[PDB]
Amino acid sequence: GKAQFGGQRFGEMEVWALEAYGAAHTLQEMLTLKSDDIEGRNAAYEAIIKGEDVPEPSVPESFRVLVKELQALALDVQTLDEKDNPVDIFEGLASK
Amino acid sequence: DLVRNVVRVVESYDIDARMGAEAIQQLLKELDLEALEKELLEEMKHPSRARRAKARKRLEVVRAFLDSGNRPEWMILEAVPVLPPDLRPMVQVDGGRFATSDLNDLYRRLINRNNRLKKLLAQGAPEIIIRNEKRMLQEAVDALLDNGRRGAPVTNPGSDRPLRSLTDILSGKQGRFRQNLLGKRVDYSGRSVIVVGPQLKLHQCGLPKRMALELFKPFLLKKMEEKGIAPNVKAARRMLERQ
Amino acid sequence: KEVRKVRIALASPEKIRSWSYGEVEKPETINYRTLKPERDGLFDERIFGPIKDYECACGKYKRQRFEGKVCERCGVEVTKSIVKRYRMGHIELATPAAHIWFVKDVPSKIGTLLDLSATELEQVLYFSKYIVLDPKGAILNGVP
Amino acid sequence: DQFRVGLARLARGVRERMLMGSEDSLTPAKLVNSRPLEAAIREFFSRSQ
Amino acid sequence: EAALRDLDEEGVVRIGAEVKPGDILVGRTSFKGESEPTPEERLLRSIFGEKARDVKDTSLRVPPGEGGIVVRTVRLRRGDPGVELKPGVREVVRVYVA
Amino acid sequence: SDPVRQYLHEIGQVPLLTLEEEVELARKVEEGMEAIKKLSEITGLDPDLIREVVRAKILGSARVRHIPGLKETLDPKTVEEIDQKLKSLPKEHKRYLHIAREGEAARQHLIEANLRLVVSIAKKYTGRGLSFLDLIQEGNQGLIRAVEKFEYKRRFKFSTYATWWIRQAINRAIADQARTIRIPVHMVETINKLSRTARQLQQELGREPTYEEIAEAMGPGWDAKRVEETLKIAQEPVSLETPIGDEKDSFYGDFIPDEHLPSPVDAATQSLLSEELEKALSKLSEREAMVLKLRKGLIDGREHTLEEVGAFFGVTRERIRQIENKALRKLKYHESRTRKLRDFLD
Amino acid sequence: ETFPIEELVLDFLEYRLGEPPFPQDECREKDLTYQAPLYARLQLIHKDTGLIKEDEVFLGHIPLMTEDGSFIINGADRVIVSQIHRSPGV
DNA sequence: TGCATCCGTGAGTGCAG
DNA sequence: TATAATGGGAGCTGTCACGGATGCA
Ligand SMILES: [Zn+2]
C-alpha cells in the first residue's frame, strides 16, 4: 500500500511469468533479496551502496515460518542433503 | 457392612473399558503392523471385490507406516508443541495498545483446561467431572490445530469471527503457501498510471524521474559519491530525504 | 552442505519434547505493569529467547562476549533475539489427545487403521461410549 | 432492527436481576443496564456492511 | 534551523507556509529505549563533545509525493477546556494542507 | 454431538438426593476424615499420604498419579505396600480403614449428586469471558470445596452452603483467566468498580462522565489522573487478524511494521560505522587505540571507571586516563581530515 | 414488543428524545457523533403485592440524521444504504 | 451389487481498503 | 464460608459443482 510505503505484490501469476521466461535469477531475486531473505537482503543493499554485485541468497525467512508452523502441528519437516542427512536451515539456533 | 456385620459383594467385573485418545493410543500401540499386513493380503485373495477393495485401502496405510517408520500411535499427542512467540506476537501498536495473534487466545484456552484437569485429578473428582474436563481438552486441542473443522468454531467474545487456527494459517488463498511462498511482496518496485508514448523505440518506456530515484536509490547513493555530490553515502541519503 | 530434498513425517511425543525449550506451564502472556513476559507463560524468555540481542533478561549479562551463558539470576540465554522466532515450546498434556487431522480427514487414518467406524471414533473420542480393551470375562444380556 | 436487538438484550439483563439480588428494594433506575442497547446501536452505524 | 524555519514556538508549521516532502509539519520527541546508546554509539559521541541525548526526533514529516500550503491547524491538549481524549494521550495536533 | 446437551445428560443420570441421603452421605464423609487422623495417630504415617491411599482403592486403579505435596510418588506399589501395613491392623483399629473407604465413597456420590446445582448457577455467569462449560468446571471445582468443608450438624440443606463455593470459584476464574493479559484479581475488582459507578453517573447525567466526574463519585484518593491510568490498563488487546474491509482479503496485522528487526538501511549503517571507526584507531596509534579500545568495546563494551583500568593495561592507573585523553584528543584532530564521521549523528 | 418483562414485572410507558449536546458541525470537528439522548419512562410493579416505582431511566444516545440524508458518526459523514431482500410472505 | 445421499472442498490478478 | 437454591439457548436460512465414503431395496 502506498501509505505504508509498500512493496509491490509479485503474485503467483507474476511468478509464472518469470518462470515461463526462464529468468531463474530474476525470480529468485524476487523471492529472496527483494522480499524476506533478511540475510541476503541486508547483504544486498550494503553491496549496492558499496558498488558491488549483489550476493547469492540464502533461505527466505517465510519458509522458516513454514517449518516452525508445521512443527506446531506436530509434523517434522526436514531439509536434507543428497546423502540424506539433515541440514540446519536455522544455523544451530534451535538445537540444544 | 459393619452394622449388619456382613461382607457384601455386588455382581460386577474388573473390566477394562476406556474413553478417548487415552484408549486409542493403547489400541494403536498394540498393533503389530507386520501381522495386519499378513492378514490383509491373506484376505486380498477374496472374491466379490468389495472385501478385496478395502483391505487395499487399509493395507496402503499399513505400508505407509511400515515403509516410513512412523508409529501409528504418534497420531495422538501427549506433548502438544508451542510455536515460537515472535511467529504469533504481542505488539504495542502506535497508541501504546496491544495487538496479538489469535493463537495465544487458543493456547491459553487449552492451557487452562490442561491445568484445571491436572488439579481435578489430584483432588480426586468423580468421573462425570473428570470426563468433562478431558472432553473439553480435546476440543481445546482440536481448535488450536484446526478450529471449526469439527464442531462449532472458537469465537472470541463479542464477535462471531472464528479464531485463526494453525491449519487456517497454512491453507487457503490467504494461507502461508499461496500468499507468502508462491509469491511475496517486493522491494524495488513501483506502480503508476500509464500513458502512450508513440515516440519510444520498441525497447523503451517512460519512467518518471521521481520513481527512478527511489527504485535505484542504493545505486544513486554510490554514484553520488563516485562523483561527489556528497562526501559519503550516509550524507548522500540525507540530501534526497527532503525534496 | 546444500539442501536437496525435503522430508515430512510425524513427530513422536519424545521428539516434540526434543525440540522444546520449556513446558509452558501458565496461560499468561506479559505483565500488565512491566509489559514484560511473565515467566513460565507463553512468552517467557528462559524458554524461547532473549528479547534484546545478546542481553540477558534482568541485567545480568549484556553483550556479545558472554554468548551462551544462561545467567543464573534470571535464567535467559545470551544470543540474538532472532531466536524468539525458532525455539519451540511444548505443553505437556495430562491425558493423551488425538491430532484432529488424523481423525477427521476422511477416510480416517486412525479409523481405517483399526476398523473403526467414522461415528465410532467420535463416540470413543468425544466420550459418548466406552471401548473395551480387556473384558475380564464380562458378559452383557447373555453374550461375553 | 438493530434496535429491537439491543432492547431484547437489555431484557436478558433485567430479568437476570429480577431473580437474583433483592426482590423488593428495586427501581427501574437500577434494574436497567443501558449498555446492551448503546452497543447494538454503536454497532449498526460503525461496522455494518 | 532551516529545517524549522516554518515552525512556531511550540512545533507547528505556521498557517500559510509551503510544505514539501521531507518537511516537518509537527516536531515531536519520544524517549529512547533500553538500546539507550550502546557502546558503538557512546563512543562516537565521546569524540564530538555532545553526549548521548535522551529524547528522539519523531516529528511528523510529509509523505513522499504530498504537500502544499498549510491552511489551518488544530491543537487539542488535555488540561484545556471542552476537551478530553482517549486514555493516556496528552495532546493531539492536526494540520490541514491544501 | 453438542457438548453441553451431552453433559446435561450425564447429569440427568445421577438422581437428586433426598434429605436423608443428604445427611447420610454428608455424615459418612465427616466420619471418614476423623477416621483418617485417628487412622494416622495409630500408624503415624501422614494424614494426606493416607487419604490419597484410601482414595486410590475406592475409585479404582483407573487413575493414579504422584500427588504433589505427598512425599512418596504414589505408584501402585506403595498403595499395595501401604494398603498392607494398613489392613494389617486389629479389628478395633483397622476398624477405621473401613470407615475411610466408606466415606470417600460418599464424597463421590455427594458431588455427582449435586452437579445440577452448579449448572443453574454458572448459567447466569455467561457472556463474561468464559465458555459455559468452562464456567461449569470452575463451578464444580468449588463444589468439591463445599463437601470437604460441610457440617451437616448445622442442620442446613447442602444447597445453601455450596451455593457459596460454586459462585466463589466462577467469579475467581472469570477474574483470573478471562483476559489475554492476566491482571491481579483485586485490580480487576476495582476496575468493575469504575464500570459500575461510571454507569450510574451516566444514568444520572444524560451523558457519559468525564474523568473528573468519576474521581469525585469514586471518593478519596481518587483524582482524575488515577482514573485515567486505571482505564489504560483495563484495555483489552485487539486481534492481529481483525478483518479489514468488507471483503476480507486484508488483516489489520499486515498494516503493522516490524520495528524490532533492523532494516537494511539500518544494519548496513552499523557496518560502515563499526569499521570506519576501526578506520580511526590504527590511523594514529594502535596501542593507544587499544588501551582506549578497552576503555570501551568493539563488541560488548568495556567501561567501568578505575579498577580494571588499573589491572592489565601495560601502564599505571591514572596514566591510561591520560592516553585516554590523548586517545580521544588524537581522534578529535584525527577526524578533522577524515571528516567522515559527523554524518553518523544524522 | 420487548415490554413488558416478566417473572415482579416492568412495563413501558413512553420514550422521549432530547436535542443533541452539540450542533452538527461541532461533532464533525471533535470526532463525536451527532446523536440525541434517549430517555424512557418505566414503572416497576410487583407480581405479588402491588409495588409502584416509576423512574425515567437514560438509555444512551440515538444518532440523528442531518438535513440532506447523511449521518455523523465519530465525526465523519456516512450513508445507510437501503437493502433489498426477498420479502416476507408465503 | 447398483445407486441414493451426505459432507467437505473449491470457486482469477493487482491496486485502493 | 451456612434460610434455600440442583438439565442451555440460539439457531438463520436465496450458490454450486465434484468427488469421494456411507447407507439401503
Ligand atoms: Zn541475568
# chains A, B, ... in the order shown; residues from 1 in each chain; ligands from 1

$ residues_near_ligand --ligand "ligand 1" --cutoff "10 Å" --atoms "only C-alpha atoms (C1' of nucleotides) and all ligand atoms" --output "JSON, numbers by chain"
{"C": [55, 56, 57, 58, 59, 60, 61, 62, 69, 70, 71, 72, 73, 74, 75, 76, 77, 78]}

$ select_by_dssp --residues "chain A" --states "strand (DSSP E)" --output "JSON, numbers by chain"
{"A": [8, 9, 78, 79, 80]}

$ write_last_selection --atoms "N, CA, C and O atoms" --output "compact mmCIF listing (two decimals), in the first residue's frame"
# COMPACT_ATOMS: atom_id res chain seq x y z
N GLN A 8 5.52 -3.97 -4.04
CA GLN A 8 4.52 -4.38 -5.00
C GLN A 8 4.33 -5.88 -4.86
O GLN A 8 5.30 -6.65 -4.92
N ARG A 9 3.09 -6.31 -4.69
CA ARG A 9 2.86 -7.75 -4.59
C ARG A 9 3.21 -8.43 -5.92
O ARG A 9 2.52 -8.21 -6.92
N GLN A 78 11.87 -31.57 7.23
CA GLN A 78 13.32 -31.73 7.36
C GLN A 78 14.06 -31.51 6.03
O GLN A 78 13.97 -32.33 5.12
N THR A 79 14.82 -30.42 5.97
CA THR A 79 15.78 -30.20 4.90
C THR A 79 16.87 -31.26 4.92
O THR A 79 17.42 -31.55 5.98
N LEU A 80 17.22 -31.80 3.75
CA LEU A 80 18.16 -32.90 3.66
C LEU A 80 19.13 -32.71 2.50
O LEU A 80 18.73 -32.24 1.44

$ interface_residues --of "chain G" --to "chain E" --cutoff "12 Å" --atoms "only C-alpha atoms" --output "PyMOL selection string"
chain G and resi 22+26+29-32

$ select_by_dssp --residues "region 6-90 of chain B" --states "alpha helix (DSSP H)" --output "JSON, numbers by chain"
{"B": [21, 22, 23, 24, 25, 26, 27, 28, 29, 33, 34, 35, 36, 37, 38, 39, 40, 41, 42, 43, 44, 50, 51, 52, 53, 54, 55, 56, 57, 58, 59, 60, 61, 62, 63, 64, 65, 66, 67, 68]}

$ atom_distance --atom1 "CA of residue 222 (chain B)" --atom2 "CA of residue 22 (chain E)"
21.3 Å

$ interface_residues --of "chain D" --to "chain G" --cutoff "7 Å" --atoms "only C-alpha atoms" --output "mmCIF file with N, CA, C and O atoms, in the first residue's frame"
data_model
loop_
_atom_site.group_PDB
_atom_site.id
_atom_site.type_symbol
_atom_site.label_atom_id
_atom_site.label_comp_id
_atom_site.auth_asym_id
_atom_site.auth_seq_id
_atom_site.Cartn_x
_atom_site.Cartn_y
_atom_site.Cartn_z
ATOM 1 N N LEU D 7 -32.709 -3.821 22.549
ATOM 2 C CA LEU D 7 -33.792 -3.926 23.523
ATOM 3 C C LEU D 7 -33.912 -5.342 24.076
ATOM 4 O O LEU D 7 -34.031 -5.543 25.289
ATOM 5 N N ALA D 8 -33.901 -6.341 23.201
ATOM 6 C CA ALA D 8 -34.053 -7.697 23.702
ATOM 7 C C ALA D 8 -32.866 -8.109 24.569
ATOM 8 O O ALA D 8 -33.024 -8.952 25.460
ATOM 9 N N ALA D 11 -33.303 -6.900 27.996
ATOM 10 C CA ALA D 11 -34.293 -7.704 28.705
ATOM 11 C C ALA D 11 -33.720 -9.020 29.225
ATOM 12 O O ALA D 11 -34.328 -9.634 30.103
ATOM 13 N N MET D 18 -33.952 -9.490 38.115
ATOM 14 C CA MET D 18 -35.273 -9.641 38.720
ATOM 15 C C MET D 18 -35.383 -10.917 39.564
ATOM 16 O O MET D 18 -36.278 -11.014 40.421
ATOM 17 N N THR D 27 -35.847 -0.384 41.818
ATOM 18 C CA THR D 27 -36.462 0.640 40.971
ATOM 19 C C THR D 27 -36.252 0.302 39.490
ATOM 20 O O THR D 27 -35.480 -0.616 39.174
ATOM 21 N N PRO D 28 -36.915 0.993 38.548
ATOM 22 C CA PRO D 28 -36.452 0.897 37.165
ATOM 23 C C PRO D 28 -35.037 1.396 37.042
ATOM 24 O O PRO D 28 -34.206 0.754 36.395
ATOM 25 N N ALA D 29 -34.727 2.502 37.712
ATOM 26 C CA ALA D 29 -33.414 3.119 37.566
ATOM 27 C C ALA D 29 -32.267 2.103 37.646
ATOM 28 O O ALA D 29 -31.341 2.147 36.829
ATOM 29 N N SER D 34 -28.089 0.242 30.626
ATOM 30 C CA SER D 34 -28.276 0.769 29.274
ATOM 31 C C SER D 34 -27.328 0.167 28.230
ATOM 32 O O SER D 34 -27.576 0.340 27.035
ATOM 33 N N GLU D 38 -26.962 0.696 23.948
ATOM 34 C CA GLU D 38 -25.874 1.536 23.472
ATOM 35 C C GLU D 38 -24.924 0.823 22.519
ATOM 36 O O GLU D 38 -24.439 1.437 21.566
#

$ atom_distance --atom1 "CA of residue 60 (chain F)" --atom2 "CA of residue 108 (chain F)"
12.5 Å

$ closest_atom_pairs --of "chain A" --to "chain C" --cutoff "7 Å" --atoms "only C-alpha atoms" --output "Markdown table"
| residue | atom | partner | partner_atom | distance |
| --- | --- | --- | --- | --- |
| A:68 | CA | C:86 | CA | 6.7 |
| A:74 | CA | C:11 | CA | 5.4 |
| A:75 | CA | C:10 | CA | 5.0 |
| A:76 | CA | C:9 | CA | 5.1 |
| A:77 | CA | C:8 | CA | 4.3 |
| A:78 | CA | C:7 | CA | 4.9 |
| A:79 | CA | C:6 | CA | 4.7 |
| A:80 | CA | C:5 | CA | 5.2 |
| A:81 | CA | C:3 | CA | 4.8 |
| A:82 | CA | C:4 | CA | 5.5 |
| A:87 | CA | C:3 | CA | 6.5 |
| A:93 | CA | C:83 | CA | 6.4 |
| A:94 | CA | C:87 | CA | 5.3 |

$ write_last_selection --atoms "N, CA and C atoms" --output "PDB file, in the first residue's frame"
ATOM      1  N   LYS A  68       8.457 -24.015  11.180  1.00  0.00           N
ATOM      2  CA  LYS A  68       8.004 -23.905  12.548  1.00  0.00           C
ATOM      3  C   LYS A  68       6.493 -24.058  12.636  1.00  0.00           C
ATOM      4  N   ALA A  74       2.750 -30.607  14.929  1.00  0.00           N
ATOM      5  CA  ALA A  74       3.316 -31.916  15.238  1.00  0.00           C
ATOM      6  C   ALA A  74       3.775 -32.651  13.993  1.00  0.00           C
ATOM      7  N   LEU A  75       4.256 -31.919  12.990  1.00  0.00           N
ATOM      8  CA  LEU A  75       4.829 -32.516  11.794  1.00  0.00           C
ATOM      9  C   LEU A  75       6.287 -32.107  11.688  1.00  0.00           C
ATOM     10  N   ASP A  76       7.129 -33.072  11.346  1.00  0.00           N
ATOM     11  CA  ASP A  76       8.578 -32.944  11.429  1.00  0.00           C
ATOM     12  C   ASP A  76       9.129 -32.797  10.020  1.00  0.00           C
ATOM     13  N   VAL A  77       9.114 -31.571   9.526  1.00  0.00           N
ATOM     14  CA  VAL A  77       9.660 -31.239   8.212  1.00  0.00           C
ATOM     15  C   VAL A  77      11.178 -31.166   8.289  1.00  0.00           C
ATOM     16  N   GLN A  78      11.870 -31.573   7.228  1.00  0.00           N
ATOM     17  CA  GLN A  78      13.320 -31.727   7.357  1.00  0.00           C
ATOM     18  C   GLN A  78      14.057 -31.512   6.034  1.00  0.00           C
ATOM     19  N   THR A  79      14.817 -30.421   5.967  1.00  0.00           N
ATOM     20  CA  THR A  79      15.775 -30.199   4.895  1.00  0.00           C
ATOM     21  C   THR A  79      16.865 -31.261   4.923  1.00  0.00           C
ATOM     22  N   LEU A  80      17.215 -31.797   3.753  1.00  0.00           N
ATOM     23  CA  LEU A  80      18.162 -32.903   3.662  1.00  0.00           C
ATOM     24  C   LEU A  80      19.131 -32.714   2.501  1.00  0.00           C
ATOM     25  N   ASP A  81      20.400 -33.106   2.697  1.00  0.00           N
ATOM     26  CA  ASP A  81      21.373 -33.102   1.605  1.00  0.00           C
ATOM     27  C   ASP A  81      21.278 -34.391   0.784  1.00  0.00           C
ATOM     28  N   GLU A  82      22.043 -34.436  -0.310  1.00  0.00           N
ATOM     29  CA  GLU A  82      21.830 -35.513  -1.271  1.00  0.00           C
ATOM     30  C   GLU A  82      22.112 -36.871  -0.651  1.00  0.00           C
ATOM     31  N   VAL A  87      19.929 -30.930   7.356  1.00  0.00           N
ATOM     32  CA  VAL A  87      20.618 -29.685   7.064  1.00  0.00           C
ATOM     33  C   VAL A  87      19.900 -28.594   7.840  1.00  0.00           C
ATOM     34  N   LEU A  93      20.555 -22.369  15.814  1.00  0.00           N
ATOM     35  CA  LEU A  93      19.851 -21.545  16.801  1.00  0.00           C
ATOM     36  C   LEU A  93      18.601 -22.201  17.416  1.00  0.00           C
ATOM     37  N   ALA A  94      18.229 -23.422  17.016  1.00  0.00           N
ATOM     38  CA  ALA A  94      17.091 -24.120  17.606  1.00  0.00           C
ATOM     39  C   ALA A  94      17.436 -25.565  17.904  1.00  0.00           C
TER      40      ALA A  94
END

$ interface_residues --of "chain A" --to "chain B" --cutoff "6 Å" --atoms "only C-alpha atoms" --output "JSON list (two decimals) with N, CA, C and O atoms, in the first residue's frame"
[["chain", "number", "residue", "atom", "x", "y", "z"],
["A", 7, "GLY", "N", 5.47, -2.45, -0.80],
["A", 7, "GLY", "CA", 6.16, -3.17, -1.85],
["A", 7, "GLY", "C", 5.11, -3.63, -2.85],
["A", 7, "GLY", "O", 3.91, -3.66, -2.57],
["A", 8, "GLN", "N", 5.52, -3.97, -4.04],
["A", 8, "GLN", "CA", 4.52, -4.38, -5.00],
["A", 8, "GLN", "C", 4.33, -5.88, -4.86],
["A", 8, "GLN", "O", 5.30, -6.65, -4.92],
["A", 9, "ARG", "N", 3.09, -6.31, -4.69],
["A", 9, "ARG", "CA", 2.86, -7.75, -4.59],
["A", 9, "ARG", "C", 3.21, -8.43, -5.92],
["A", 9, "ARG", "O", 2.52, -8.21, -6.92],
["A", 10, "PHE", "N", 4.22, -9.28, -5.92],
["A", 10, "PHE", "CA", 4.61, -10.09, -7.07],
["A", 10, "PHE", "C", 3.98, -11.47, -6.89],
["A", 10, "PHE", "O", 4.56, -12.36, -6.27],
["A", 11, "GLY", "N", 2.77, -11.66, -7.49],
["A", 11, "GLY", "CA", 1.93, -12.80, -7.19],
["A", 11, "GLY", "C", 2.23, -14.08, -8.00],
["A", 11, "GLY", "O", 3.00, -14.08, -8.95],
["A", 12, "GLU", "N", 1.58, -15.17, -7.57],
["A", 12, "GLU", "CA", 1.61, -16.47, -8.24],
["A", 12, "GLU", "C", 1.65, -16.26, -9.74],
["A", 12, "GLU", "O", 2.39, -16.93, -10.46],
["A", 34, "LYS", "N", 14.82, -9.32, -2.58],
["A", 34, "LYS", "CA", 13.85, -8.25, -2.68],
["A", 34, "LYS", "C", 12.68, -8.41, -1.72],
["A", 34, "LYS", "O", 11.93, -7.45, -1.52],
["A", 35, "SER", "N", 12.50, -9.57, -1.08],
["A", 35, "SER", "CA", 11.34, -9.70, -0.19],
["A", 35, "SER", "C", 11.70, -9.95, 1.26],
["A", 35, "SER", "O", 11.56, -9.03, 2.08],
["A", 48, "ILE", "N", 25.09, -2.65, -2.88],
["A", 48, "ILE", "CA", 24.88, -1.60, -3.86],
["A", 48, "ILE", "C", 25.63, -0.34, -3.43],
["A", 48, "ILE", "O", 26.50, 0.15, -4.16],
["A", 49, "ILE", "N", 25.35, 0.15, -2.22],
["A", 49, "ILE", "CA", 25.99, 1.37, -1.75],
["A", 49, "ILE", "C", 27.51, 1.23, -1.69],
["A", 49, "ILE", "O", 28.22, 2.24, -1.61],
["A", 72, "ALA", "N", 4.44, -26.86, 15.06],
["A", 72, "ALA", "CA", 3.31, -26.56, 15.93],
["A", 72, "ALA", "C", 2.09, -27.41, 15.62],
["A", 72, "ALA", "O", 1.17, -27.45, 16.44]]

$ closest_atom_pairs --of "chain I" --to "region 143-166 of chain F" --cutoff "9 Å" --atoms "only C-alpha atoms (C1' of nucleotides)" --output "JSON lines"
{"residue": "I:1", "atom": "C1'", "partner": "F:164", "partner_atom": "CA", "distance": 7.4}
{"residue": "I:2", "atom": "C1'", "partner": "F:161", "partner_atom": "CA", "distance": 5.2}
{"residue": "I:3", "atom": "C1'", "partner": "F:160", "partner_atom": "CA", "distance": 7.7}
{"residue": "I:4", "atom": "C1'", "partner": "F:160", "partner_atom": "CA", "distance": 5.9}
{"residue": "I:5", "atom": "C1'", "partner": "F:159", "partner_atom": "CA", "distance": 6.2}
{"residue": "I:6", "atom": "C1'", "partner": "F:159", "partner_atom": "CA", "distance": 7.6}

$ residues_around --residues "region 24-40 of chain C" --least-positions-apart "5" --cutoff "6 Å" --atoms "only C-alpha atoms (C1' of nucleotides)" --output "NGL selection string"
(:B and (108 or 111)) or (:C and (91)) or (:F and (181))

$ write_last_selection --atoms "C-alpha atoms" --output "CSV table (one decimal), in the first residue's frame"
chain,number,residue,atom,x,y,z
B,108,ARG,CA,-4.5,-20.0,26.9
B,111,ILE,CA,-3.6,-24.3,28.9
C,91,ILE,CA,2.6,-28.1,26.6
F,181,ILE,CA,-3.1,-10.1,29.8

$ atom_distance --atom1 "CA of residue 163 (chain B)" --atom2 "CA of residue 102 (chain B)"
5.7 Å

$ closest_atom_pairs --of "chain B" --to "chain F" --cutoff "7 Å" --atoms "only C-alpha atoms" --output "CSV"
residue,atom,partner,partner_atom,distance
B:97,CA,F:237,CA,6.7
B:98,CA,F:237,CA,4.8
B:99,CA,F:238,CA,4.7
B:100,CA,F:239,CA,5.3
B:101,CA,F:240,CA,5.1
B:102,CA,F:239,CA,6.3
B:105,CA,F:180,CA,6.5
B:122,CA,F:67,CA,5.8
B:126,CA,F:108,CA,5.7
B:128,CA,F:10,CA,6.9
B:157,CA,F:129,CA,6.4
B:232,CA,F:340,CA,6.8
B:234,CA,F:343,CA,6.5
B:235,CA,F:343,CA,5.8

$ residues_around --residues "residue 5 (chain H)" --least-positions-apart "3" --cutoff "12 Å" --atoms "only C-alpha atoms (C1' of nucleotides)" --output "tab-separated table (two decimals) with N, CA and C atoms (P, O5', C5', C4', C3', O3' and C1' of nucleotides), in the first residue's frame"
chain	number	residue	atom	x	y	z
I	21	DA	P	-13.14	-42.79	-0.44
I	21	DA	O5'	-13.55	-42.39	1.03
I	21	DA	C5'	-14.54	-41.43	1.21
I	21	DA	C4'	-15.37	-41.79	2.40
I	21	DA	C3'	-15.40	-43.27	2.70
I	21	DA	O3'	-15.84	-43.45	4.04
I	21	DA	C1'	-17.45	-42.62	1.79
I	22	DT	P	-16.27	-44.90	4.60
I	22	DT	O5'	-17.76	-44.62	5.17
I	22	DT	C5'	-18.59	-43.62	4.53
I	22	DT	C4'	-19.99	-43.52	5.14
I	22	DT	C3'	-20.56	-44.79	5.75
I	22	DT	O3'	-21.59	-44.47	6.71
I	22	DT	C1'	-21.75	-44.28	3.77
I	23	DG	P	-22.48	-45.64	7.39
I	23	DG	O5'	-23.81	-45.69	6.50
I	23	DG	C5'	-24.95	-44.95	6.92
I	23	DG	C4'	-26.09	-45.06	5.91
I	23	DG	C3'	-27.10	-46.21	6.16
I	23	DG	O3'	-28.44	-45.68	6.24
I	23	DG	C1'	-26.47	-46.11	3.89
I	24	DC	P	-29.69	-46.63	6.58
I	24	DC	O5'	-30.03	-47.37	5.18
I	24	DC	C5'	-30.59	-46.62	4.10
I	24	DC	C4'	-31.03	-47.51	2.93
I	24	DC	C3'	-31.90	-48.74	3.27
I	24	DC	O3'	-33.08	-48.73	2.45
I	24	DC	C1'	-30.26	-49.30	1.73

$ residues_around --residues "region 16-18 of chain B" --least-positions-apart "2" --cutoff "12 Å" --atoms "only C-alpha atoms (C1' of nucleotides)" --output "PyMOL selection string"
(chain B and resi 13-14+20-27+127+131) or (chain C and resi 123-138) or (chain F and resi 60-63)

$ interface_residues --of "chain E" --to "chain C" --cutoff "12 Å" --atoms "only C-alpha atoms" --output "list in words"
residues 33, 34, 35, 38, 39 and 40 of chain E

$ interface_residues --of "chain F" --to "chain A" --cutoff "7 Å" --atoms "only C-alpha atoms" --output "JSON list (two decimals) with N, CA, C and O atoms, in the first residue's frame"
[["chain", "number", "residue", "atom", "x", "y", "z"],
["F", 264, "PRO", "N", 17.41, -2.65, 6.37],
["F", 264, "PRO", "CA", 18.68, -2.91, 5.65],
["F", 264, "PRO", "C", 19.51, -1.65, 5.49],
["F", 264, "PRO", "O", 20.74, -1.71, 5.44],
["F", 267, "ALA", "N", 20.97, -1.96, 9.28],
["F", 267, "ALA", "CA", 22.05, -2.93, 9.51],
["F", 267, "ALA", "C", 23.22, -2.71, 8.57],
["F", 267, "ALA", "O", 24.34, -3.11, 8.88],
["F", 268, "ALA", "N", 22.99, -2.07, 7.43],
["F", 268, "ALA", "CA", 24.11, -1.58, 6.65],
["F", 268, "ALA", "C", 24.80, -0.43, 7.36],
["F", 268, "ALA", "O", 26.04, -0.38, 7.40]]

$ interface_residues --of "chain F" --to "chain G" --cutoff "9 Å" --atoms "only C-alpha atoms" --output "ChimeraX atom specification"
/F:202-208

$ closest_residue --among "F:33, F:117, F:294, F:320" --to "chain I" --atoms "only C-alpha atoms (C1' of nucleotides)"
F:117
